[PDB]
Each structure stands twice: as structure tokens, then as C-alpha cells.
């Protein structure tokens, strides 16, 4: 069975990220450019800080027709002591995409399926919906609150941005 899990990834610009290694033949982004990154991750209902994303975007090409870039991305999503999910696939700055769920650990051991990536504000706000298969158990209720509908205006709960106990999961990843 599929268990839907939604999360918001927010770049609050306080993690030295993105770091752009610029090597391409072109002034614009192009093959050769690498972007290691790490953003914050919140629950789909925006009530709690869960952890971080972490990994590498490999630039594949500039896409002038779409005024954007194609990256190939390899990264993980960290949920404090619950574990993590890993993914691989396309990040297009100009449109939504789906990535492969390559596996997980902790409660996410056995994870497979795909995840939808929706960019809400370039490059600071993204919304994901994992269509998760393979998990041993139902997801914890803490993570499965009704998601806030995605739009450019979303913000995590103030207590979650503030790292108050009510706004974080235990040992949220940082």
C-alpha cells in the first residue's frame, strides 16, 4: 500500500547553502557546475521542524526556452530519530518533476516508489509528496497531519521556525 508523506523544504539561507562550484564552459549554468546543498525540512502541515535535506545537484544543461536549468540530484531527507529517505532524479528549476525513492533507513527502511517535487518559490520553498511503499509500519501521526495546500505564501509555524519544543520533533536533524 502507498502511504503519502508530504514535507516542505525551506532554504532559510542560514546553512551556507547553496554552494555553487562554477566550472562550466558557459557564464550561465551548464555541465561541470556542481551545487552541494542543505535546506531545512518541515512537516507537510508546517507545524514541526523535522530535519534537513542534504546532497548534491549536478548541473546537466541550461534550458534557455524555459528560462531555467536541468539538474540531476542525489540527496537525502532527514527526519530526526525516525530515519531518512534517499532520492535520485531530475530537478528542473522551471517545472515540477518526480524523483526515484532509492531507499531509506530507520522507519523508512524498505522504502520505494516516487516522489513529486513542486517548486513554490525559486529557490527557497519546495513541497514534496512521497508516494511511499515498502514501509514496515504506518507512519507516525506526528508526520501525517493534513498538509497545508502548497502555494508561494506558505510559511512554517512560528514555533517551528523558533525551535520551540512544541514546534520540533525529538532530536530534529540540523
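The term rigid core refers to the most C-alpha atoms you can superpose between the two forms while keeping them within 1.5 Å. Positions refer to the first chain, counted from 1.
Using the rigid core as the fitting frame, the root mean square C-alpha deviation in 6 other deposited structures of this protein is greater for 23-31 than for the other of 102-110 and 23-31. For the pair 15-23 and 154-162, the record assigns the higher mean C-alpha temperature factor to 154-162. Higher average CA B factor: 59-67, of the stretches 59-67 and 27-35. Note on the listed residues 43, 129, 119, 53: the highest Cα temperature factor in the record is that of 119. Out of 106, 147, 113, 110, the entry records its largest CA B-factor for 147. Sort the chain's modelled residues by C-alpha temperature factor and residue 2 lands in the highest third, per the entry. In this PDB entry, residue 96 carries a Cα temperature factor that places it within the middle third of its chain's modelled residues.
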